[PDB]
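Shown here: structure_20.cif, mmCIF, C-alpha atoms and all ligand atoms.
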```cif
data_coords
loop_
_atom_site.label_atom_id
_atom_site.label_comp_id
_atom_site.auth_asym_id
_atom_site.auth_seq_id
_atom_site.Cartn_x
_atom_site.Cartn_y
_atom_site.Cartn_z
CA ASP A 1 38.84 26.17 20.17
CA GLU A 2 41.49 28.25 18.41
CA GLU A 3 39.41 29.15 15.35
CA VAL A 4 36.63 31.71 15.43
CA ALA A 5 33.30 30.58 14.01
CA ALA A 6 33.08 30.51 10.21
CA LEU A 7 30.00 32.03 8.58
CA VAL A 8 27.76 30.33 6.02
CA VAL A 9 25.72 32.63 3.79
CA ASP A 10 23.26 31.19 1.26
CA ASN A 11 22.32 33.87 -1.27
CA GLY A 12 18.80 33.08 -2.46
CA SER A 13 16.72 34.65 -5.23
CA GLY A 14 13.95 35.23 -2.72
CA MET A 15 15.33 34.47 0.75
CA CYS A 16 18.86 34.58 2.14
CA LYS A 17 19.89 32.09 4.83
CA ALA A 18 22.74 32.93 7.18
CA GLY A 19 24.38 31.31 10.16
CA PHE A 20 27.46 29.72 11.66
CA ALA A 21 29.33 26.69 10.34
CA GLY A 22 28.79 23.72 12.64
CA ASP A 23 25.19 24.63 13.44
CA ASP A 24 22.34 22.38 12.28
CA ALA A 25 20.28 25.26 10.88
CA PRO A 26 20.68 28.87 9.75
CA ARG A 27 20.42 31.47 12.50
CA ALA A 28 18.58 33.89 10.21
CA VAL A 29 16.50 33.94 7.05
CA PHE A 30 15.32 37.14 5.37
CA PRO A 31 13.98 38.49 2.05
CA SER A 32 16.62 39.30 -0.58
CA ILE A 33 15.29 42.83 -0.92
CA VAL A 34 16.63 46.35 -0.48
CA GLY A 35 14.31 49.33 -0.36
CA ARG A 36 14.69 53.09 -0.48
CA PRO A 37 12.10 55.85 0.23
CA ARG A 38 9.75 56.70 -2.64
CA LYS A 39 17.61 55.44 7.81
CA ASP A 40 18.19 55.62 4.04
CA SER A 41 18.30 51.93 3.04
CA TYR A 42 16.03 49.13 4.25
CA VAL A 43 16.98 45.47 3.91
CA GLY A 44 15.20 42.20 4.63
CA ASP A 45 11.96 41.94 6.59
CA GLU A 46 11.95 45.66 7.39
CA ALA A 47 12.04 46.57 3.70
CA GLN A 48 9.09 44.22 3.25
CA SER A 49 7.23 45.57 6.29
CA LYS A 50 7.63 49.16 5.13
CA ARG A 51 7.29 48.46 1.41
CA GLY A 52 4.40 50.92 1.36
CA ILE A 53 6.78 53.87 1.66
CA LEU A 54 9.64 52.32 -0.31
CA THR A 55 10.69 51.31 -3.81
CA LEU A 56 11.91 47.72 -3.61
CA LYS A 57 14.86 46.19 -5.45
CA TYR A 58 15.63 42.50 -5.95
CA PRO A 59 19.41 42.32 -6.68
CA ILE A 60 19.48 38.53 -7.11
CA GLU A 61 15.97 38.03 -8.50
CA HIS A 62 16.74 34.89 -10.51
CA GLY A 63 19.70 33.50 -8.56
CA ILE A 64 22.32 35.65 -10.30
CA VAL A 65 23.44 38.97 -8.80
CA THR A 66 22.44 41.83 -11.11
CA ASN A 67 23.09 44.85 -8.89
CA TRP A 68 26.24 44.71 -6.80
CA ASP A 69 25.54 47.94 -4.95
CA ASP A 70 22.41 46.45 -3.39
CA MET A 71 23.95 43.00 -3.03
CA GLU A 72 26.70 44.64 -0.96
CA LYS A 73 23.96 46.14 1.23
CA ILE A 74 22.36 42.72 1.68
CA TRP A 75 25.71 41.32 2.82
CA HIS A 76 26.28 44.30 5.13
CA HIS A 77 22.83 43.63 6.59
CA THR A 78 23.65 39.94 6.95
CA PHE A 79 26.76 40.54 9.05
CA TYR A 80 25.87 43.55 11.20
CA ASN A 81 22.09 43.20 11.57
CA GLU A 82 21.19 39.50 11.27
CA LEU A 83 24.27 37.70 12.61
CA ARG A 84 25.70 40.60 14.64
CA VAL A 85 29.31 39.80 13.81
CA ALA A 86 32.18 41.71 12.17
CA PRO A 87 33.05 40.07 8.82
CA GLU A 88 36.71 41.00 9.19
CA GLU A 89 36.75 38.59 12.14
CA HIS A 90 35.29 35.45 10.52
CA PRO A 91 35.94 33.32 7.42
CA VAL A 92 32.88 33.38 5.13
CA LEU A 93 31.49 30.61 2.94
CA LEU A 94 29.14 31.98 0.28
CA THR A 95 26.84 30.11 -2.11
CA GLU A 96 26.29 30.79 -5.81
CA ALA A 97 23.84 29.69 -8.46
CA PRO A 98 24.69 27.00 -11.03
CA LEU A 99 26.22 28.47 -14.21
CA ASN A 100 27.26 31.65 -12.40
CA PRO A 101 29.34 33.85 -14.76
CA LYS A 102 33.09 33.72 -14.00
CA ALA A 103 33.24 37.51 -13.67
CA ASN A 104 30.60 37.37 -10.94
CA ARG A 105 32.71 34.91 -8.94
CA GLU A 106 35.64 37.35 -9.04
CA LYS A 107 33.39 40.24 -8.03
CA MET A 108 32.08 38.37 -4.99
CA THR A 109 35.65 37.50 -4.02
CA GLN A 110 36.91 41.08 -4.40
CA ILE A 111 33.99 42.46 -2.37
CA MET A 112 34.55 40.05 0.52
CA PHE A 113 38.27 40.80 0.82
CA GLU A 114 38.33 44.48 -0.13
CA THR A 115 35.00 45.79 1.14
CA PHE A 116 34.40 43.49 4.13
CA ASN A 117 38.05 42.57 4.77
CA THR A 118 37.18 38.92 5.42
CA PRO A 119 40.15 36.91 6.77
CA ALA A 120 39.12 34.08 4.48
CA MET A 121 36.34 33.07 2.11
CA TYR A 122 35.08 30.46 -0.30
CA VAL A 123 32.22 30.10 -2.76
CA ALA A 124 30.35 26.87 -3.49
CA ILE A 125 27.55 25.97 -5.90
CA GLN A 126 24.19 25.68 -4.15
CA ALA A 127 23.21 22.36 -5.73
CA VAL A 128 26.55 20.82 -4.76
CA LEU A 129 26.06 21.77 -1.10
CA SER A 130 22.59 20.19 -1.09
CA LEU A 131 24.05 16.96 -2.48
CA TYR A 132 26.69 17.02 0.28
CA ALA A 133 23.97 17.44 2.88
CA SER A 134 22.39 14.20 1.62
CA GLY A 135 25.68 12.38 2.20
CA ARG A 136 26.60 12.05 -1.48
CA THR A 137 29.23 13.39 -3.87
CA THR A 138 27.53 12.03 -7.02
CA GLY A 139 23.96 12.52 -8.20
CA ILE A 140 21.62 14.96 -9.92
CA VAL A 141 20.00 17.75 -7.93
CA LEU A 142 16.69 19.37 -8.84
CA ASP A 143 16.83 22.72 -7.04
CA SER A 144 13.57 24.68 -7.20
CA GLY A 145 13.47 27.92 -5.24
CA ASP A 146 11.64 31.23 -5.49
CA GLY A 147 12.81 32.79 -8.75
CA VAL A 148 14.53 29.92 -10.52
CA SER A 149 14.92 26.14 -10.78
CA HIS A 150 17.91 24.08 -11.93
CA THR A 151 18.72 20.44 -12.65
CA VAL A 152 22.39 19.96 -11.77
CA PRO A 153 24.25 16.71 -12.50
CA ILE A 154 27.18 16.29 -10.09
CA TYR A 155 29.92 13.66 -10.32
CA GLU A 156 32.52 13.17 -7.59
CA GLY A 157 31.78 16.59 -6.13
CA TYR A 158 31.99 18.41 -9.45
CA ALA A 159 28.96 19.93 -11.14
CA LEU A 160 28.87 19.25 -14.88
CA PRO A 161 28.19 22.67 -16.47
CA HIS A 162 27.47 21.26 -19.94
CA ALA A 163 24.56 19.21 -18.58
CA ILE A 164 23.07 21.81 -16.23
CA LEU A 165 19.63 23.09 -17.21
CA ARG A 166 17.87 26.23 -16.01
CA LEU A 167 14.11 26.49 -15.72
CA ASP A 168 12.64 29.95 -15.26
CA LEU A 169 9.72 28.50 -13.36
CA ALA A 170 9.70 28.38 -9.57
CA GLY A 171 7.87 29.32 -6.38
CA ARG A 172 7.07 32.88 -7.47
CA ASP A 173 5.31 31.70 -10.62
CA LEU A 174 3.34 29.09 -8.66
CA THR A 175 2.17 31.70 -6.14
CA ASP A 176 0.90 33.98 -8.92
CA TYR A 177 -0.77 31.05 -10.68
CA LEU A 178 -2.60 30.12 -7.48
CA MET A 179 -3.81 33.73 -7.12
CA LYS A 180 -5.11 33.47 -10.70
CA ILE A 181 -7.05 30.21 -10.32
CA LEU A 182 -8.45 31.12 -6.89
CA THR A 183 -9.71 34.33 -8.50
CA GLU A 184 -11.22 32.30 -11.34
CA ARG A 185 -12.95 30.24 -8.65
CA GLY A 186 -14.84 33.33 -7.53
CA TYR A 187 -12.56 34.90 -4.96
CA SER A 188 -10.21 37.78 -5.68
CA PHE A 189 -6.49 37.65 -4.93
CA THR A 190 -4.67 40.28 -6.96
CA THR A 191 -2.88 42.76 -4.69
CA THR A 192 0.63 42.51 -3.25
CA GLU A 193 -0.89 41.98 0.20
CA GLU A 194 -3.07 39.23 -1.21
CA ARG A 195 -0.03 37.67 -2.88
CA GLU A 196 1.47 37.10 0.57
CA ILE A 197 -1.73 35.43 1.78
CA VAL A 198 -1.86 33.10 -1.23
CA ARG A 199 1.82 32.28 -0.79
CA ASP A 200 0.84 31.05 2.67
CA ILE A 201 -2.12 29.05 1.33
CA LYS A 202 0.26 27.55 -1.22
CA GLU A 203 2.85 26.48 1.34
CA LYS A 204 0.22 25.03 3.66
CA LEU A 205 -2.48 23.34 1.58
CA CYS A 206 -1.04 22.52 -1.86
CA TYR A 207 0.19 19.10 -2.96
CA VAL A 208 1.31 17.24 -6.06
CA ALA A 209 -1.27 14.73 -7.27
CA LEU A 210 0.06 11.31 -8.31
CA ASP A 211 -2.30 11.44 -11.28
CA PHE A 212 -3.67 14.80 -12.40
CA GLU A 213 -6.76 13.59 -14.25
CA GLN A 214 -7.89 11.18 -11.54
CA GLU A 215 -7.43 13.91 -8.94
CA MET A 216 -9.43 16.35 -11.07
CA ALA A 217 -12.24 13.79 -11.39
CA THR A 218 -12.33 13.24 -7.61
CA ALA A 219 -12.50 16.98 -6.92
CA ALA A 220 -15.25 17.44 -9.53
CA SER A 221 -17.54 14.78 -8.07
CA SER A 222 -17.01 15.26 -4.33
CA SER A 223 -15.72 17.58 -1.59
CA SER A 224 -13.21 15.05 -0.23
CA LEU A 225 -10.19 17.09 -1.35
CA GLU A 226 -11.42 20.45 -0.12
CA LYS A 227 -9.65 22.27 2.70
CA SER A 228 -10.64 25.41 4.58
CA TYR A 229 -8.38 28.42 5.07
CA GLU A 230 -9.14 31.32 7.41
CA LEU A 231 -8.19 34.87 6.45
CA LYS A 232 -7.05 37.33 9.13
CA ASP A 233 -10.47 39.00 9.11
CA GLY A 234 -12.16 35.71 9.97
CA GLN A 235 -13.55 34.78 6.56
CA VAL A 236 -13.09 31.08 5.88
CA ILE A 237 -12.54 30.18 2.24
CA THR A 238 -12.43 26.83 0.46
CA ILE A 239 -9.57 25.50 -1.65
CA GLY A 240 -10.41 22.55 -3.89
CA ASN A 241 -8.65 21.29 -7.01
CA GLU A 242 -6.48 24.41 -6.78
CA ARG A 243 -4.51 22.54 -4.11
CA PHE A 244 -2.87 20.29 -6.69
CA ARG A 245 -3.52 22.28 -9.87
CA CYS A 246 -1.07 24.92 -8.65
CA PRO A 247 2.04 22.72 -8.35
CA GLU A 248 0.98 20.72 -11.41
CA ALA A 249 2.48 23.60 -13.40
CA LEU A 250 5.94 22.26 -12.45
CA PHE A 251 5.15 19.18 -14.53
CA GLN A 252 3.12 20.96 -17.22
CA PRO A 253 4.39 24.54 -17.70
CA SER A 254 1.84 25.12 -20.47
CA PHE A 255 -0.66 25.83 -17.69
CA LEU A 256 1.39 29.03 -17.36
CA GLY A 257 1.78 29.65 -21.08
CA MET A 258 5.35 28.37 -20.97
CA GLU A 259 6.65 26.00 -23.65
CA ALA A 260 9.39 24.75 -21.31
CA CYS A 261 9.69 21.08 -20.31
CA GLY A 262 8.39 20.11 -16.88
CA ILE A 263 10.77 19.34 -14.01
CA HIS A 264 10.69 15.59 -14.68
CA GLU A 265 11.56 16.05 -18.35
CA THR A 266 14.23 18.65 -17.54
CA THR A 267 15.84 16.27 -15.03
CA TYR A 268 15.79 13.52 -17.66
CA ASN A 269 17.29 15.81 -20.32
CA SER A 270 20.15 16.81 -17.99
CA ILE A 271 20.96 13.17 -17.29
CA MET A 272 20.92 12.41 -21.02
CA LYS A 273 23.48 15.18 -21.59
CA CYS A 274 25.96 13.40 -19.30
CA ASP A 275 28.39 10.63 -20.19
CA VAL A 276 26.46 7.38 -20.56
CA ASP A 277 28.75 5.78 -17.95
CA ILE A 278 27.43 7.92 -15.08
CA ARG A 279 23.75 8.18 -16.02
CA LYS A 280 22.75 5.21 -13.86
CA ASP A 281 24.40 6.87 -10.86
CA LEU A 282 22.31 9.98 -11.52
CA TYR A 283 19.06 8.03 -11.96
CA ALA A 284 19.71 6.24 -8.68
CA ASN A 285 20.57 9.50 -6.93
CA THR A 286 18.11 12.21 -7.94
CA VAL A 287 17.95 14.60 -4.99
CA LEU A 288 15.30 17.28 -4.44
CA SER A 289 16.14 20.62 -2.80
CA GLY A 290 14.60 24.06 -2.36
CA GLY A 291 11.33 25.38 -0.97
CA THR A 292 9.38 24.61 -4.13
CA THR A 293 10.16 20.89 -3.80
CA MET A 294 8.39 20.82 -0.42
CA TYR A 295 4.96 19.94 -1.84
CA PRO A 296 3.60 16.73 -0.36
CA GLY A 297 3.54 13.98 -3.00
CA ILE A 298 6.26 15.46 -5.21
CA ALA A 299 8.77 12.65 -4.62
CA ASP A 300 6.36 9.88 -5.69
CA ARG A 301 5.23 11.90 -8.70
CA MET A 302 8.83 12.42 -9.84
CA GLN A 303 9.51 8.71 -9.36
CA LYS A 304 6.54 7.85 -11.58
CA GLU A 305 7.34 10.42 -14.28
CA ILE A 306 11.07 9.67 -14.51
CA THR A 307 10.36 5.94 -14.64
CA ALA A 308 8.16 6.61 -17.68
CA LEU A 309 10.97 8.50 -19.45
CA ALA A 310 13.89 6.20 -18.59
CA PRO A 311 14.70 2.70 -19.90
CA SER A 312 12.58 -0.02 -18.27
CA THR A 313 15.77 -1.61 -16.94
CA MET A 314 16.87 1.55 -15.14
CA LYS A 315 16.83 1.75 -11.34
CA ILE A 316 15.18 5.05 -10.37
CA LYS A 317 15.42 6.61 -6.91
CA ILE A 318 14.20 10.03 -5.80
CA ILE A 319 15.67 11.35 -2.55
CA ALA A 320 13.59 13.98 -0.76
CA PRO A 321 15.26 14.94 2.55
CA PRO A 322 12.79 16.27 5.15
CA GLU A 323 15.17 19.20 5.66
CA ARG A 324 15.66 19.93 1.94
CA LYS A 325 14.28 23.47 2.23
CA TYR A 326 17.58 24.43 3.88
CA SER A 327 19.84 21.68 2.52
CA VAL A 328 21.97 24.27 0.69
CA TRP A 329 22.79 26.09 3.91
CA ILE A 330 23.18 22.84 5.85
CA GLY A 331 25.56 21.52 3.20
CA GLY A 332 27.61 24.67 3.63
CA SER A 333 27.67 24.23 7.40
CA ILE A 334 28.92 20.67 6.91
CA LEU A 335 31.57 21.60 4.34
CA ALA A 336 32.98 24.56 6.26
CA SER A 337 33.27 22.27 9.31
CA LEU A 338 35.31 19.57 7.53
CA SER A 339 38.92 19.07 8.58
CA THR A 340 40.04 18.63 4.98
CA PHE A 341 38.22 21.80 3.93
CA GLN A 342 40.27 24.14 6.10
CA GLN A 343 43.16 24.07 3.61
CA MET A 344 40.69 25.02 0.88
CA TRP A 345 39.67 28.46 2.17
CA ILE A 346 41.03 31.40 0.19
CA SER A 347 43.04 33.34 2.78
CA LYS A 348 43.54 37.11 2.77
CA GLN A 349 47.20 36.26 2.17
CA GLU A 350 46.38 34.27 -0.96
CA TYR A 351 44.07 37.03 -2.17
CA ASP A 352 46.82 39.63 -1.71
CA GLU A 353 49.19 37.31 -3.59
CA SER A 354 47.01 36.42 -6.60
CA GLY A 355 44.02 38.75 -6.73
CA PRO A 356 40.30 38.01 -7.46
CA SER A 357 41.00 35.50 -10.24
CA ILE A 358 42.37 33.03 -7.68
CA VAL A 359 38.75 32.02 -7.08
CA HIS A 360 38.71 29.98 -10.31
CA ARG A 361 41.59 27.80 -9.10
CA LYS A 362 40.64 27.66 -5.41
CA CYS A 363 36.90 27.22 -5.96
CA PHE A 364 36.72 24.92 -8.99
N1 LIG B 1 6.07 23.88 2.11
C1 LIG B 1 6.19 24.56 0.96
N2 LIG B 1 5.47 24.14 -0.11
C2 LIG B 1 5.60 24.80 -1.26
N3 LIG B 1 6.36 25.86 -1.55
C3 LIG B 1 7.06 26.25 -0.47
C4 LIG B 1 7.03 25.67 0.79
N4 LIG B 1 7.88 26.34 1.65
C5 LIG B 1 8.39 27.30 0.91
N5 LIG B 1 7.94 27.30 -0.38
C6 LIG B 1 8.30 28.21 -1.47
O1 LIG B 1 9.67 28.03 -1.75
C7 LIG B 1 10.21 29.28 -2.27
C8 LIG B 1 11.48 29.63 -1.53
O2 LIG B 1 12.38 28.53 -1.54
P1 LIG B 1 13.95 28.77 -1.53
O3 LIG B 1 14.60 27.48 -1.87
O4 LIG B 1 14.28 29.44 -0.25
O5 LIG B 1 14.23 29.79 -2.71
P2 LIG B 1 15.40 30.84 -2.94
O6 LIG B 1 16.68 30.21 -2.54
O7 LIG B 1 15.45 31.06 -4.45
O8 LIG B 1 14.99 32.12 -2.30
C9 LIG B 1 9.09 30.32 -2.15
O9 LIG B 1 8.44 30.49 -3.41
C10 LIG B 1 8.14 29.69 -1.13
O10 LIG B 1 6.80 30.09 -1.30
#
```

Could you render the structure as structure tokens?
Ligand SMILES: Nc1ncnc2c1ncn2[C@@H]1O[C@H](COP(=O)(O)OP(=O)(O)O)[C@@H](O)[C@H]1O
Amino acid sequence: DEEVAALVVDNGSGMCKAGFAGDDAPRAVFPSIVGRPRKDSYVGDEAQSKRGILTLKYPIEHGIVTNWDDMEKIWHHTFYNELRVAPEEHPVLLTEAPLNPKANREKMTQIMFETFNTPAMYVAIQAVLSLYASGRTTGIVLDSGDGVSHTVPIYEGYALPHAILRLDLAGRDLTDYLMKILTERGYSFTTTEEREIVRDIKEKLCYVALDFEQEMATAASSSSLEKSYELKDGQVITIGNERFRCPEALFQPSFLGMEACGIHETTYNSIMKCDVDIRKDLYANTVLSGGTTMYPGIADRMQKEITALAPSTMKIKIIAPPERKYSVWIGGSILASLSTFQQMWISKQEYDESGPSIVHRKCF
């Protein structure tokens, strides 16, 4: 091979995924955190491990970069610590959130070429990459991560900004809600350490009920839905209706005091904002992505809820890839490996010729 490996870096609100184009999975995943004492800067797992003696910062808390100084440190960490490569020696494909401000796109571009001296780079919308990973160029993606969720209609490879909806309800909120209802049950999960334990309980024992009320009735009259969970100190606790009550908040945000529409309604509203001529393509190609869409039963629940909102004559299909937790990264690996994509990279030459603003033309 003549070309060096290209890098794929998925910038997540909670976890960053990094690896090499062509691979089937990211080589590294770490917390999008930077910490400094209350070694001068700590990034990733280490910052989390030593959070006791540090003040943590979340530079991309809700999907959008808010502090470029710390984001630069996360990227430095990604190259030198996680992937152990020199960025000046590899093209880099970066991901961005839907509705990312134009100025931010230019900033990312300038930093890659001027700070890291990348030989080439490109930036793609997360939702679009997930759609690519599913083998489609048209459809609507419901991306629910750690600090944010989005419904992104995509037609022929292009996201439709006017129809994109943002929901400030995701994995983080669900974890805290589970801590709250488990505490109401009689336990006590309130500390940061306990938040990590509940996050684990959430990822392992929660599920989306097909019918909330029926599930609540079953849990109230029997122990058939109860599951045991063992804490590190040996204590075994019981999780009952909390298993499905937690993710139910995605469909009924009021449980969290939020007036926002649930994910099914948000998906429907996005589709309705698109040209009537492509709505059927979206209904027939609703793809789920992100860690928060991993709950067992979520696909069937979405199918049921969307069917209730859409015309009776509409064909509804929910696609839930088993590997959807990393579909963004995988889509990037696929894209960066495409023969026709090689001409699309922004080269250092092109950057020197046109400057940061070239990103709008090259990465439309
Ligand atoms: N199996 C699972 N069930 C439910 N939630 C999960 C599961 N696996 C991961 N999560 C949650 O998904 C979120 C992270 O997903 P991700 O798409 O990586 O987000 P981001 O890109 O914003 O960091 C976290 O809140 C995590 O707890």

*asked:* Which residues are near ligand LIG 1 (chain B) - at most 10 Å, using only C-alpha atoms and all ligand atoms? Format: as a PyMOL selection string.
replied: chain A and resi 10-17+29-32+60-63+97+126+143-149+170-176+196+198-208+246-247+289-296+324-329

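Computed from the coordinates, the CA of residue 319 in chain A to CA of residue 215 in chain A distance equals 24.1 Å.
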
*Using CA of residue 9 in chain A and CA of residue 123 in chain A as the two end points, give the distance in Å to one decimal.*
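These two atoms are separated by 9.6 Å.
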
For residue 344 in chain A, list every protein, DNA or RNA residue within 9 Å, evaluated using all atoms listed in the file, and leave out those in the same chain fewer than 6 positions away; present the list as a JSON list (two decimals) with C-alpha atoms, in the coordinates of the input.
```json
[["chain", "number", "residue", "atom", "x", "y", "z"],
["A", 122, "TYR", "CA", 35.08, 30.46, -0.30],
["A", 362, "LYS", "CA", 40.64, 27.66, -5.41],
["A", 363, "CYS", "CA", 36.90, 27.22, -5.96]]
```

*Which one of A:259, A:334, A:89, A:303 sits closest to residue 25 in chain A if you count only C-alpha atoms?*
A:334

Within 10 Å of range 350-357 of chain A: each range 7-123 of chain A residue with its shortest pair, all atoms listed in the file, as CSV:
```
residue,atom,partner,partner_atom,distance
A:102,CA,A:357,CA,8.9
A:103,CA,A:357,CA,8.7
A:105,CA,A:356,CA,8.3
A:106,CA,A:356,CA,5.0
A:107,CA,A:356,CA,7.3
A:108,CA,A:356,CA,8.6
A:109,CA,A:356,CA,5.8
A:110,CA,A:356,CA,5.5
A:111,CA,A:356,CA,9.2
A:113,CA,A:351,CA,7.5
A:114,CA,A:351,CA,9.6
A:119,CA,A:351,CA,9.8
A:120,CA,A:351,CA,8.8
A:121,CA,A:351,CA,9.7
```

Please produce an output containing C-alpha atoms for each residue in the selection, written as a tab-separated table (two decimals), keeping the file's coordinate frame.
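Once everything was written out, this is out00.tsv:
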```tsv
chain	number	residue	atom	x	y	z
A	102	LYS	CA	33.09	33.72	-14.00
A	103	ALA	CA	33.24	37.51	-13.67
A	105	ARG	CA	32.71	34.91	-8.94
A	106	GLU	CA	35.64	37.35	-9.04
A	107	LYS	CA	33.39	40.24	-8.03
A	108	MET	CA	32.08	38.37	-4.99
A	109	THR	CA	35.65	37.50	-4.02
A	110	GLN	CA	36.91	41.08	-4.40
A	111	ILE	CA	33.99	42.46	-2.37
A	113	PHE	CA	38.27	40.80	0.82
A	114	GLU	CA	38.33	44.48	-0.13
A	119	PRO	CA	40.15	36.91	6.77
A	120	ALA	CA	39.12	34.08	4.48
A	121	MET	CA	36.34	33.07	2.11
```

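Coordinates place CA of residue 335 in chain A at a distance of 13.3 Å from CA of residue 5 in chain A.
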
*asked:* Using all atoms listed in the file for the distances, tell me which of A:234, A:26, A:153, A:161 is nearest to residue 272 in chain A.
replied: A:153

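Contact shell of residue 241 in chain A at 12 Å (all atoms listed in the file; same-chain neighbours under 5 positions omitted): residues 178, 181, 182, 185, 205, 206, 207, 208, 209, 212, 213, 214, 215, 216, 217, 218, 219, 220, 221, 222, 223, 224, 225, 226, 227, 246, 247 and 248 of chain A.
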
*For each of A:233, A:177, A:268, A:285, take the minimum atom-to-atom distance to residue 254 in chain A, counting only C-alpha atoms, then give the residue where this is smallest.*
A:177

_Calculated over all atoms listed in the file, which of the candidates A:141, A:81, A:150, A:68 has the smallest distance to residue 98 in chain A?_
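Result for the nearest residue to residue 98 in chain A: A:150.
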
*Determine, counting only C-alpha atoms, which protein, DNA and RNA residues have an atom within 8 Å of an atom of range 54-59 of chain A; residues of the same chain fewer than 6 positions away are not included. Present the result as a count of residues only.*
15

*asked:* For a quick check of understanding, using only C-alpha atoms, which of A:125, A:167, A:140, A:4 has the smallest distance to residue 92 in chain A?
replied: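 Residue with the minimum atom-to-atom distance to residue 92 in chain A: A:4.
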
*Neighbours of point (23.8, 18.7, 0.5) within 8 Å, using only C-alpha atoms, written as a PyMOL selection string*: chain A and resi 127-136+327-328+330-332

With C-alpha atoms retained, export the selected residues as an mmCIF file, in the coordinates of the input.
```cif
data_model
loop_
_atom_site.group_PDB
_atom_site.id
_atom_site.type_symbol
_atom_site.label_atom_id
_atom_site.label_comp_id
_atom_site.auth_asym_id
_atom_site.auth_seq_id
_atom_site.Cartn_x
_atom_site.Cartn_y
_atom_site.Cartn_z
ATOM 1 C CA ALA A 127 23.210 22.360 -5.730
ATOM 2 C CA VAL A 128 26.550 20.820 -4.760
ATOM 3 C CA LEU A 129 26.060 21.770 -1.100
ATOM 4 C CA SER A 130 22.590 20.190 -1.090
ATOM 5 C CA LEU A 131 24.050 16.960 -2.480
ATOM 6 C CA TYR A 132 26.690 17.020 0.280
ATOM 7 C CA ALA A 133 23.970 17.440 2.880
ATOM 8 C CA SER A 134 22.390 14.200 1.620
ATOM 9 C CA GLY A 135 25.680 12.380 2.200
ATOM 10 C CA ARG A 136 26.600 12.050 -1.480
ATOM 11 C CA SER A 327 19.840 21.680 2.520
ATOM 12 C CA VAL A 328 21.970 24.270 0.690
ATOM 13 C CA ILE A 330 23.180 22.840 5.850
ATOM 14 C CA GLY A 331 25.560 21.520 3.200
ATOM 15 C CA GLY A 332 27.610 24.670 3.630
#
```

*Would you mind telling me which residue in A:211, A:165, A:88, A:237 lies nearest to residue 186 in chain A when using all atoms listed in the file?*
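So, comparing all the options, the nearest one is A:237.
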
For the structure just given, write the atoms of range 191-200 of chain A, namely N, CA, C and O atoms, as a JSON list (two decimals), in the first residue's frame.
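Output contents, as saved in selection33.json:
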```
[["chain", "number", "residue", "atom", "x", "y", "z"],
["A", 191, "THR", "N", -24.16, 9.83, 45.04],
["A", 191, "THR", "CA", -22.80, 10.31, 44.81],
["A", 191, "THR", "C", -22.27, 10.03, 43.40],
["A", 191, "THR", "O", -22.84, 9.22, 42.66],
["A", 192, "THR", "N", -21.18, 10.70, 43.04],
["A", 192, "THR", "CA", -20.59, 10.52, 41.72],
["A", 192, "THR", "C", -20.15, 9.08, 41.52],
["A", 192, "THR", "O", -20.23, 8.55, 40.41],
["A", 193, "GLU", "N", -19.68, 8.44, 42.59],
["A", 193, "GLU", "CA", -19.25, 7.05, 42.51],
["A", 193, "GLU", "C", -20.48, 6.20, 42.24],
["A", 193, "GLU", "O", -20.45, 5.29, 41.41],
["A", 194, "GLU", "N", -21.55, 6.51, 42.95],
["A", 194, "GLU", "CA", -22.80, 5.78, 42.79],
["A", 194, "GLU", "C", -23.44, 6.01, 41.42],
["A", 194, "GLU", "O", -24.20, 5.16, 40.94],
["A", 195, "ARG", "N", -23.14, 7.14, 40.81],
["A", 195, "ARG", "CA", -23.67, 7.44, 39.49],
["A", 195, "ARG", "C", -23.08, 6.45, 38.47],
["A", 195, "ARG", "O", -23.76, 6.00, 37.55],
["A", 196, "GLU", "N", -21.81, 6.12, 38.66],
["A", 196, "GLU", "CA", -21.13, 5.17, 37.77],
["A", 196, "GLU", "C", -21.72, 3.78, 37.91],
["A", 196, "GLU", "O", -21.83, 3.04, 36.93],
["A", 197, "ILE", "N", -22.09, 3.40, 39.13],
["A", 197, "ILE", "CA", -22.68, 2.09, 39.38],
["A", 197, "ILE", "C", -24.04, 2.01, 38.71],
["A", 197, "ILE", "O", -24.35, 1.02, 38.03],
["A", 198, "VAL", "N", -24.86, 3.04, 38.90],
["A", 198, "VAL", "CA", -26.19, 3.06, 38.31],
["A", 198, "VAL", "C", -26.11, 3.09, 36.78],
["A", 198, "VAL", "O", -26.95, 2.51, 36.10],
["A", 199, "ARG", "N", -25.09, 3.76, 36.24],
["A", 199, "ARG", "CA", -24.94, 3.80, 34.80],
["A", 199, "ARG", "C", -24.76, 2.36, 34.32],
["A", 199, "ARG", "O", -25.28, 1.97, 33.26],
["A", 200, "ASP", "N", -24.04, 1.57, 35.10],
["A", 200, "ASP", "CA", -23.82, 0.17, 34.74],
["A", 200, "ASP", "C", -25.12, -0.61, 34.83],
["A", 200, "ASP", "O", -25.45, -1.41, 33.95]]
```
